[PDB]
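*Asks:* Enclosed is the structure file work_19.cif (mmCIF, C-alpha atoms and all ligand atoms).
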```cif
data_target
loop_
_atom_site.label_atom_id
_atom_site.label_comp_id
_atom_site.auth_asym_id
_atom_site.auth_seq_id
_atom_site.Cartn_x
_atom_site.Cartn_y
_atom_site.Cartn_z
CA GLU H 2 -71.60 101.43 21.29
CA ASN H 3 -71.02 100.20 17.75
CA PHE H 4 -73.38 97.22 18.12
CA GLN H 5 -77.08 96.69 18.74
CA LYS H 6 -77.66 93.66 20.97
CA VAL H 7 -80.33 91.45 19.38
CA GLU H 8 -80.30 88.68 21.98
CA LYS H 9 -78.09 86.65 24.30
CA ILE H 10 -77.23 83.49 22.40
CA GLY H 11 -75.61 81.73 25.33
CA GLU H 12 -72.90 81.51 27.96
CA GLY H 13 -69.84 79.31 27.97
CA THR H 14 -66.41 78.60 29.43
CA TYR H 15 -64.97 82.09 28.90
CA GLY H 16 -67.89 84.45 28.44
CA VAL H 17 -71.24 85.39 26.99
CA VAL H 18 -72.19 85.40 23.31
CA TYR H 19 -74.55 88.05 21.93
CA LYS H 20 -76.13 88.29 18.49
CA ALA H 21 -75.50 91.88 17.42
CA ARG H 22 -75.79 94.26 14.49
CA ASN H 23 -72.97 96.55 13.39
CA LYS H 24 -74.70 99.95 13.36
CA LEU H 25 -72.33 101.16 10.62
CA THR H 26 -72.27 98.13 8.29
CA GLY H 27 -75.59 96.47 9.09
CA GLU H 28 -73.57 93.26 9.43
CA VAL H 29 -75.14 90.75 11.81
CA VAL H 30 -72.40 89.11 13.92
CA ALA H 31 -71.82 87.09 17.08
CA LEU H 32 -70.12 89.11 19.84
CA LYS H 33 -68.33 87.15 22.59
CA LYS H 34 -67.48 89.15 25.73
CA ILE H 35 -64.62 87.37 27.55
CA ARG H 36 -64.24 87.29 31.34
CA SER H 46 -50.90 89.73 27.22
CA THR H 47 -49.59 86.65 25.45
CA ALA H 48 -53.27 85.87 24.75
CA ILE H 49 -53.78 89.08 22.75
CA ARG H 50 -51.21 88.28 20.06
CA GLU H 51 -52.26 84.66 19.75
CA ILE H 52 -55.98 85.46 19.48
CA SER H 53 -55.19 88.24 17.02
CA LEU H 54 -53.20 85.73 14.97
CA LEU H 55 -56.37 83.67 14.49
CA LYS H 56 -57.75 86.48 12.30
CA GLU H 57 -55.52 85.03 9.55
CA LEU H 58 -56.79 81.43 9.98
CA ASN H 59 -59.52 81.57 7.34
CA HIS H 60 -61.27 78.53 5.84
CA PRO H 61 -64.86 77.84 4.75
CA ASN H 62 -65.30 75.32 7.59
CA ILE H 63 -63.89 77.63 10.32
CA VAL H 64 -66.18 80.30 11.80
CA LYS H 65 -64.51 83.50 10.68
CA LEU H 66 -62.95 85.63 13.42
CA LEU H 67 -63.73 89.15 12.17
CA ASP H 68 -62.12 91.36 14.80
CA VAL H 69 -60.53 91.35 18.23
CA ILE H 70 -61.17 94.32 20.53
CA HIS H 71 -59.16 94.88 23.73
CA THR H 72 -60.56 97.72 25.84
CA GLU H 73 -60.85 98.49 29.57
CA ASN H 74 -59.43 95.07 30.50
CA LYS H 75 -62.31 93.34 28.64
CA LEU H 76 -61.79 91.23 25.53
CA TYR H 77 -64.36 91.06 22.71
CA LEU H 78 -64.29 88.62 19.80
CA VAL H 79 -66.46 89.48 16.80
CA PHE H 80 -67.39 86.32 14.84
CA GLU H 81 -69.31 85.37 11.73
CA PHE H 82 -72.88 84.56 12.85
CA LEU H 83 -74.46 81.18 12.09
CA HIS H 84 -78.05 80.38 12.99
CA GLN H 85 -77.75 77.03 14.78
CA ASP H 86 -75.31 74.76 16.57
CA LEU H 87 -75.02 71.02 16.22
CA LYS H 88 -76.24 70.29 19.75
CA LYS H 89 -79.56 72.01 19.02
CA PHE H 90 -79.76 70.30 15.60
CA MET H 91 -79.07 66.93 17.20
CA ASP H 92 -81.76 67.44 19.84
CA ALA H 93 -84.14 68.60 17.08
CA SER H 94 -83.38 65.47 15.02
CA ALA H 95 -83.61 62.91 17.79
CA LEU H 96 -86.97 61.31 16.92
CA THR H 97 -85.75 60.39 13.42
CA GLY H 98 -81.96 60.78 13.52
CA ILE H 99 -79.76 62.83 11.22
CA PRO H 100 -79.75 61.02 7.84
CA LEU H 101 -76.48 59.26 7.16
CA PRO H 102 -75.63 61.30 4.02
CA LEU H 103 -75.80 64.46 6.16
CA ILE H 104 -73.77 62.88 8.97
CA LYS H 105 -71.19 61.95 6.35
CA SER H 106 -71.17 65.44 4.77
CA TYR H 107 -70.78 67.09 8.17
CA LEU H 108 -67.97 64.74 9.21
CA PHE H 109 -66.21 65.28 5.87
CA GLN H 110 -66.40 69.09 6.15
CA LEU H 111 -65.17 69.08 9.76
CA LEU H 112 -62.24 66.90 8.74
CA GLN H 113 -61.41 69.41 6.01
CA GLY H 114 -61.47 72.18 8.62
CA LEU H 115 -59.21 70.28 11.01
CA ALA H 116 -56.84 69.32 8.21
CA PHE H 117 -56.49 73.01 7.38
CA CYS H 118 -55.93 74.10 10.99
CA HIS H 119 -53.57 71.24 11.82
CA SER H 120 -51.46 71.96 8.74
CA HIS H 121 -50.98 75.46 10.19
CA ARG H 122 -50.11 74.00 13.63
CA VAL H 123 -53.29 75.22 15.32
CA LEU H 124 -55.20 72.89 17.71
CA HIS H 125 -58.78 73.32 18.83
CA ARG H 126 -58.47 71.18 22.01
CA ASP H 127 -62.13 71.58 23.03
CA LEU H 128 -64.36 70.31 20.21
CA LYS H 129 -67.97 69.63 21.19
CA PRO H 130 -71.39 69.93 19.53
CA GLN H 131 -71.92 73.48 20.78
CA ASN H 132 -68.66 74.46 19.03
CA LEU H 133 -69.96 73.22 15.63
CA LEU H 134 -72.23 75.71 13.82
CA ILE H 135 -74.49 75.02 10.81
CA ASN H 136 -76.34 77.07 8.16
CA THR H 137 -79.23 76.46 5.75
CA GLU H 138 -76.89 75.70 2.83
CA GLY H 139 -75.56 72.48 4.39
CA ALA H 140 -72.27 73.93 5.68
CA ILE H 141 -70.88 73.15 9.14
CA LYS H 142 -68.12 75.19 10.76
CA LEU H 143 -65.67 74.83 13.64
CA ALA H 144 -66.16 77.58 16.25
CA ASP H 145 -63.76 78.93 18.95
CA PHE H 146 -60.73 77.46 17.25
CA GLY H 147 -57.52 78.23 19.13
CA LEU H 148 -59.19 79.87 22.15
CA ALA H 149 -58.14 77.24 24.69
CA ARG H 150 -54.41 77.51 24.01
CA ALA H 151 -54.76 81.24 24.56
CA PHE H 152 -56.82 81.20 27.79
CA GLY H 153 -56.24 77.75 29.31
CA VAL H 154 -59.23 75.58 30.20
CA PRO H 155 -60.60 76.28 33.70
CA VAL H 156 -62.31 73.55 35.71
CA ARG H 157 -65.53 75.60 36.01
CA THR H 158 -66.98 77.97 33.43
CA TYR H 159 -67.56 81.73 33.67
CA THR H 160 -71.14 81.35 34.90
CA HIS H 161 -70.63 78.53 37.31
CA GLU H 162 -71.43 75.83 34.75
CA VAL H 163 -69.60 72.50 34.59
CA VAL H 164 -66.90 71.94 31.98
CA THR H 165 -67.89 69.14 29.59
CA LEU H 166 -65.44 66.25 29.61
CA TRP H 167 -67.35 64.05 27.19
CA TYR H 168 -65.10 64.70 24.18
CA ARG H 169 -61.71 64.79 25.98
CA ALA H 170 -58.97 62.53 24.56
CA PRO H 171 -57.51 59.93 26.95
CA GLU H 172 -53.96 61.34 26.80
CA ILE H 173 -55.30 64.60 28.24
CA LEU H 174 -57.15 62.74 31.01
CA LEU H 175 -53.97 60.80 31.80
CA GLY H 176 -52.00 64.04 32.24
CA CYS H 177 -49.94 64.26 29.05
CA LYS H 178 -48.69 67.84 29.02
CA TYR H 179 -47.81 68.03 25.30
CA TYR H 180 -50.84 66.65 23.52
CA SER H 181 -51.14 66.94 19.77
CA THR H 182 -53.55 67.39 16.87
CA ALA H 183 -54.74 63.87 17.70
CA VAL H 184 -56.89 65.28 20.51
CA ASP H 185 -59.16 66.93 17.93
CA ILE H 186 -59.54 63.71 15.98
CA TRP H 187 -60.62 61.95 19.19
CA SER H 188 -63.23 64.61 19.93
CA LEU H 189 -64.61 64.49 16.40
CA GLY H 190 -64.82 60.70 16.64
CA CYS H 191 -66.94 61.05 19.76
CA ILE H 192 -69.18 63.55 17.97
CA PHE H 193 -69.47 61.26 14.91
CA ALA H 194 -70.62 58.37 17.13
CA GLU H 195 -73.17 60.62 18.91
CA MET H 196 -74.62 61.81 15.61
CA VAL H 197 -75.12 58.14 14.59
CA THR H 198 -76.51 56.72 17.82
CA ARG H 199 -78.28 59.86 19.11
CA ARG H 200 -76.63 59.59 22.52
CA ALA H 201 -73.25 60.70 23.78
CA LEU H 202 -70.58 58.03 23.50
CA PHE H 203 -68.71 58.74 26.79
CA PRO H 204 -70.85 61.00 29.02
CA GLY H 205 -68.54 61.21 32.00
CA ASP H 206 -69.45 63.31 35.01
CA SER H 207 -65.93 63.47 36.53
CA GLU H 208 -62.45 63.05 35.14
CA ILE H 209 -62.15 59.50 36.47
CA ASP H 210 -65.67 58.60 35.35
CA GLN H 211 -64.81 59.96 31.89
CA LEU H 212 -61.62 57.85 31.81
CA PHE H 213 -63.33 54.68 33.05
CA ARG H 214 -66.24 55.09 30.62
CA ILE H 215 -63.63 55.09 27.84
CA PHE H 216 -61.90 52.05 29.34
CA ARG H 217 -65.16 50.05 29.72
CA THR H 218 -65.91 50.48 26.00
CA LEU H 219 -62.50 50.38 24.34
CA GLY H 220 -60.73 48.24 27.01
CA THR H 221 -58.23 49.40 29.60
CA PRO H 222 -55.14 50.41 27.60
CA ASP H 223 -51.85 48.62 28.12
CA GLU H 224 -48.37 48.69 26.68
CA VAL H 225 -49.38 46.43 23.78
CA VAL H 226 -51.90 48.87 22.36
CA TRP H 227 -50.42 52.12 23.76
CA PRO H 228 -46.64 52.05 24.26
CA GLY H 229 -45.80 54.44 27.07
CA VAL H 230 -49.28 54.51 28.64
CA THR H 231 -48.25 52.99 31.97
CA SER H 232 -45.75 55.85 32.43
CA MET H 233 -48.22 58.67 31.89
CA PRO H 234 -48.39 61.13 34.80
CA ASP H 235 -51.85 60.17 36.08
CA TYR H 236 -51.73 56.48 35.14
CA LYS H 237 -52.33 54.21 38.14
CA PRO H 238 -51.52 50.46 38.17
CA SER H 239 -54.72 50.05 40.18
CA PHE H 240 -56.94 51.00 37.17
CA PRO H 241 -59.45 48.17 36.65
CA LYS H 242 -58.76 46.09 33.57
CA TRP H 243 -61.87 45.95 31.36
CA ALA H 244 -62.01 44.05 28.08
CA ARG H 245 -62.63 45.85 24.82
CA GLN H 246 -66.12 45.82 23.24
CA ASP H 247 -67.05 45.39 19.54
CA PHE H 248 -67.77 48.58 17.58
CA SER H 249 -70.77 46.78 16.12
CA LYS H 250 -72.07 47.00 19.70
CA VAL H 251 -70.87 50.60 20.23
CA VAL H 252 -72.39 52.40 17.23
CA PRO H 253 -74.65 49.58 16.03
CA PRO H 254 -76.49 50.87 12.98
CA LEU H 255 -73.30 52.10 11.27
CA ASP H 256 -71.84 50.16 8.33
CA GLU H 257 -68.34 48.66 8.22
CA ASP H 258 -66.82 51.66 6.40
CA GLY H 259 -68.10 53.95 9.13
CA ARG H 260 -67.05 51.65 11.95
CA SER H 261 -63.58 51.26 10.40
CA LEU H 262 -63.10 55.03 10.25
CA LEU H 263 -64.40 55.53 13.80
CA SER H 264 -62.06 52.87 15.14
CA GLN H 265 -59.11 54.72 13.61
CA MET H 266 -60.20 58.01 15.15
CA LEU H 267 -60.57 56.40 18.59
CA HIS H 268 -57.17 54.64 18.58
CA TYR H 269 -55.65 54.98 22.05
CA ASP H 270 -52.10 55.77 20.94
CA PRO H 271 -52.15 59.37 19.64
CA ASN H 272 -49.22 58.64 17.36
CA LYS H 273 -51.31 55.94 15.58
CA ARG H 274 -54.68 57.76 15.65
CA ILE H 275 -55.69 58.76 12.11
CA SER H 276 -54.87 62.24 10.90
CA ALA H 277 -57.55 64.51 9.48
CA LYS H 278 -55.87 64.44 6.08
CA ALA H 279 -55.76 60.62 6.03
CA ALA H 280 -59.35 60.39 7.30
CA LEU H 281 -60.52 62.39 4.25
CA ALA H 282 -59.20 59.55 2.07
CA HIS H 283 -61.02 56.76 3.95
CA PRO H 284 -63.44 54.67 1.80
CA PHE H 285 -66.32 55.88 4.05
CA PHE H 286 -66.29 59.11 2.01
CA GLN H 287 -66.36 57.51 -1.45
CA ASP H 288 -70.03 58.44 -1.88
CA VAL H 289 -69.99 61.71 0.11
CA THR H 290 -72.46 64.42 -1.01
CA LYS H 291 -73.65 67.77 0.40
CA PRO H 292 -77.33 67.52 1.42
CA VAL H 293 -79.09 70.46 2.98
CA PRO H 294 -80.62 70.11 6.45
CA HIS H 295 -84.17 71.21 7.09
CA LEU H 296 -83.64 73.99 9.64
CA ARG H 297 -86.57 75.66 11.41
CA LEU H 298 -85.20 79.04 12.53
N1 LIG U 1 -70.50 82.60 15.89
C1 LIG U 1 -71.59 82.15 16.50
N2 LIG U 1 -72.79 82.23 15.85
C2 LIG U 1 -73.88 81.75 16.46
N3 LIG U 1 -73.98 81.18 17.67
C3 LIG U 1 -72.79 81.11 18.28
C4 LIG U 1 -71.58 81.56 17.78
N4 LIG U 1 -70.56 81.32 18.69
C5 LIG U 1 -71.17 80.75 19.70
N5 LIG U 1 -72.52 80.61 19.53
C6 LIG U 1 -73.43 79.92 20.43
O1 LIG U 1 -73.60 80.68 21.61
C7 LIG U 1 -73.69 79.80 22.75
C8 LIG U 1 -72.63 80.17 23.75
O2 LIG U 1 -71.37 79.82 23.15
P1 LIG U 1 -70.05 79.69 24.01
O3 LIG U 1 -68.86 79.56 23.12
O4 LIG U 1 -69.84 80.79 24.97
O5 LIG U 1 -70.28 78.31 24.73
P2 LIG U 1 -69.98 76.79 24.39
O6 LIG U 1 -69.75 76.63 22.95
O7 LIG U 1 -71.12 75.95 25.00
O8 LIG U 1 -68.66 76.56 25.19
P3 LIG U 1 -67.14 77.04 25.19
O9 LIG U 1 -67.16 78.37 25.95
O10 LIG U 1 -66.27 75.99 25.80
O11 LIG U 1 -66.81 77.29 23.69
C9 LIG U 1 -73.57 78.37 22.22
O12 LIG U 1 -74.83 77.75 21.99
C10 LIG U 1 -72.86 78.58 20.88
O13 LIG U 1 -73.12 77.53 19.96
MG MG U 2 -68.13 77.75 22.09
#
```
Written as structure tokens, that's how I'd like the structure from this file.
*Replies:*
Amino acid sequence: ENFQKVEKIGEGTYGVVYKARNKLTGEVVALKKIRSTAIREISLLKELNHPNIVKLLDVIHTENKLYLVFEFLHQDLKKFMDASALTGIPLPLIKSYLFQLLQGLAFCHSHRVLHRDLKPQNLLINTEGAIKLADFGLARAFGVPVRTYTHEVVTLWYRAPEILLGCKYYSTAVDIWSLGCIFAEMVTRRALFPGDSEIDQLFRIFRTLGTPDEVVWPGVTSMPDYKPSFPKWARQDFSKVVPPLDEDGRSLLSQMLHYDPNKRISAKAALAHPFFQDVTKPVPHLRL
């Protein structure tokens, strides 16, 4: 075809990602082979360009197969986090990454585009200290199946509680929740809420942040999947949840994990939090 397959980077919810070379340009790209309303909405993402969004270069619809051609980056944050686990990611780099991802979300949210499935494998990094949001807008266009293309289990670890409770019309707040979970994991070096079922995911959230009620989340007891029989756990201290982190960091995280999505901090407001007063742009040491 037009591309030389270099390797198979991975497999995910919708399809398989290849590293490939454009035989005509020499451009090295990521090619996602997937497996309509979806066509126009994916194609619209070609216009959603920002330095912290993986660039969607082209969409190809042929013989009932869908190909997305993406900017290639050499590593994802899950691999970087595993690689950094003995020592931890230094806080100035955690802060730079969080700041850049908040700029990306602020851009997307201002254009009324949700990610809805943020996770470490959807965050890509380069040698220059940049981090980029990948697969932005794909879930709205394809739905989110319960199992992935190759059999694999869908990760619930970063899912906002309003989604778990069956809210049909969730908002940009769901991306802030996910990024909060990722922030905490980068600090502690273990996932904050590693649920292995939807109810385990929910109850893990409840056992840390307390079972929500009408005081802290007006409307919660009327959500579709809310049950009065939910156990009532007390809330824990964030100093216990992400211990090493300073009070600026814990303050910001608490605002990104607010239960009530209407009160959860926006990306734009998060960028102004005092946590970022000394933000810089360090480079990671990447071994490629
Ligand atoms: N543009 C890209 N450049 C480099 N690697 C990429 C790129 N896009 C995806 N990858 C990597 O390829 C692998 C497969 O990605 P894929 O999107 O299919 O799965 P995922 O991110 O785990 O899940 P999901 O399908 O829900 O997005 C992952 O490790 C991902 O980080
Ligand atoms: Mg992905």
*Asks:* Applying 10 Å and only C-alpha atoms, which residues near residue 289 of chain H remain after dropping the ones on its own chain fewer than 5 positions away? List them as a tab-separated table (two decimals) with C-alpha atoms, in the coordinates of the input.
*Replies:*
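Okay, this is what ended up in result-v3.tsv:
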```tsv
chain	number	residue	atom	x	y	z
H	101	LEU	CA	-76.48	59.26	7.16
H	102	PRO	CA	-75.63	61.30	4.02
H	103	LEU	CA	-75.80	64.46	6.16
H	104	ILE	CA	-73.77	62.88	8.97
H	105	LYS	CA	-71.19	61.95	6.35
H	106	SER	CA	-71.17	65.44	4.77
H	107	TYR	CA	-70.78	67.09	8.17
H	108	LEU	CA	-67.97	64.74	9.21
H	109	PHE	CA	-66.21	65.28	5.87
H	284	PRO	CA	-63.44	54.67	1.80
```
*Asks:* If the limit is 10 Å from any atom of ligand LIG 1 (chain U), counting all atoms listed in the file, which residues qualify? Return them as JSON, numbers by chain.
*Replies:* {"H": [9, 10, 11, 12, 13, 14, 15, 16, 17, 18, 19, 20, 29, 30, 31, 32, 33, 34, 35, 63, 64, 65, 66, 78, 79, 80, 81, 82, 83, 84, 85, 86, 87, 88, 89, 126, 127, 128, 129, 130, 131, 132, 133, 134, 135, 136, 142, 143, 144, 145, 146, 148, 149, 154, 155, 158, 159, 162, 164, 165]}
*Asks:* Using the selection just defined, write its residues with C-alpha atoms as a compact mmCIF listing (two decimals), keeping the file's coordinate frame.
*Replies:*
```
# COMPACT_ATOMS: atom_id res chain seq x y z
CA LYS H 9 -78.09 86.65 24.30
CA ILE H 10 -77.23 83.49 22.40
CA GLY H 11 -75.61 81.73 25.33
CA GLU H 12 -72.90 81.51 27.96
CA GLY H 13 -69.84 79.31 27.97
CA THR H 14 -66.41 78.60 29.43
CA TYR H 15 -64.97 82.09 28.90
CA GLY H 16 -67.89 84.45 28.44
CA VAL H 17 -71.24 85.39 26.99
CA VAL H 18 -72.19 85.40 23.31
CA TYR H 19 -74.55 88.05 21.93
CA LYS H 20 -76.13 88.29 18.49
CA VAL H 29 -75.14 90.75 11.81
CA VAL H 30 -72.40 89.11 13.92
CA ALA H 31 -71.82 87.09 17.08
CA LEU H 32 -70.12 89.11 19.84
CA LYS H 33 -68.33 87.15 22.59
CA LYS H 34 -67.48 89.15 25.73
CA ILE H 35 -64.62 87.37 27.55
CA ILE H 63 -63.89 77.63 10.32
CA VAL H 64 -66.18 80.30 11.80
CA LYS H 65 -64.51 83.50 10.68
CA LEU H 66 -62.95 85.63 13.42
CA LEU H 78 -64.29 88.62 19.80
CA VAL H 79 -66.46 89.48 16.80
CA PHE H 80 -67.39 86.32 14.84
CA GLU H 81 -69.31 85.37 11.73
CA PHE H 82 -72.88 84.56 12.85
CA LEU H 83 -74.46 81.18 12.09
CA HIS H 84 -78.05 80.38 12.99
CA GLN H 85 -77.75 77.03 14.78
CA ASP H 86 -75.31 74.76 16.57
CA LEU H 87 -75.02 71.02 16.22
CA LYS H 88 -76.24 70.29 19.75
CA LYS H 89 -79.56 72.01 19.02
CA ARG H 126 -58.47 71.18 22.01
CA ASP H 127 -62.13 71.58 23.03
CA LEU H 128 -64.36 70.31 20.21
CA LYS H 129 -67.97 69.63 21.19
CA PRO H 130 -71.39 69.93 19.53
CA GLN H 131 -71.92 73.48 20.78
CA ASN H 132 -68.66 74.46 19.03
CA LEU H 133 -69.96 73.22 15.63
CA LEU H 134 -72.23 75.71 13.82
CA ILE H 135 -74.49 75.02 10.81
CA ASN H 136 -76.34 77.07 8.16
CA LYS H 142 -68.12 75.19 10.76
CA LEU H 143 -65.67 74.83 13.64
CA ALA H 144 -66.16 77.58 16.25
CA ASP H 145 -63.76 78.93 18.95
CA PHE H 146 -60.73 77.46 17.25
CA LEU H 148 -59.19 79.87 22.15
CA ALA H 149 -58.14 77.24 24.69
CA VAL H 154 -59.23 75.58 30.20
CA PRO H 155 -60.60 76.28 33.70
CA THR H 158 -66.98 77.97 33.43
CA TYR H 159 -67.56 81.73 33.67
CA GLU H 162 -71.43 75.83 34.75
CA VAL H 164 -66.90 71.94 31.98
CA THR H 165 -67.89 69.14 29.59
```
*Asks:* Extract, using only C-alpha atoms, all DNA, RNA and protein residues at most 8 Å from residue 226 of chain H, discarding same-chain residues fewer than 4 positions from it, and format them as a ChimeraX atom specification.
*Replies:* /H:222,269-270
*Asks:* Please write the residues from the selection above to a file, keeping C-alpha atoms, as an mmCIF file, keeping the file's coordinate frame.
*Replies:*
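Once everything was written out, this is again_13.cif:
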```cif
data_model
loop_
_atom_site.group_PDB
_atom_site.id
_atom_site.type_symbol
_atom_site.label_atom_id
_atom_site.label_comp_id
_atom_site.auth_asym_id
_atom_site.auth_seq_id
_atom_site.Cartn_x
_atom_site.Cartn_y
_atom_site.Cartn_z
ATOM 1 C CA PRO H 222 -55.140 50.410 27.600
ATOM 2 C CA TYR H 269 -55.650 54.980 22.050
ATOM 3 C CA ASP H 270 -52.100 55.770 20.940
#
```
*Asks:* To one decimal in Å, tell me the separation between atom CA of residue 22 of chain H and atom CA of residue 4 of chain H.
*Replies:* 5.3 Å
*Asks:* Which neighbours of residue 179 of chain H fall inside 12 Å, counting all atoms listed in the file, when residues of the same chain fewer than 2 positions from it are skipped, and could you give them as number ranges by chain?
*Replies:* H: 124, 126, 150, 172-173, 175-177, 181-184, 233-234, 271
*Asks:* For residue 246 of chain H, please output as a count of residues only all residues within 10 Å (counting all atoms listed in the file; exclusion window: fewer than 4 positions along the same chain).
*Replies:* 7
*Asks:* Take atom CA of residue 208 of chain H and atom CA of residue 141 of chain H and report the distance between them in Å, one decimal.
*Replies:*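 Between atom CA of residue 208 of chain H and atom CA of residue 141 of chain H the gap works out to 29.1 Å.
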*Asks:* Between H:147, H:185, H:195, H:290, which one has atoms that come closest to ligand MG 2 (chain U), using only C-alpha atoms and all ligand atoms?
*Replies:* H:147
*Asks:* Write out as a PyMOL selection string each polymer residue whose atoms come within 6 Å of segment 166-171 of chain H, counting only C-alpha atoms; drop sequence neighbours fewer than 3 positions from it.
*Replies:* chain H and resi 174+184+187-188+203-205
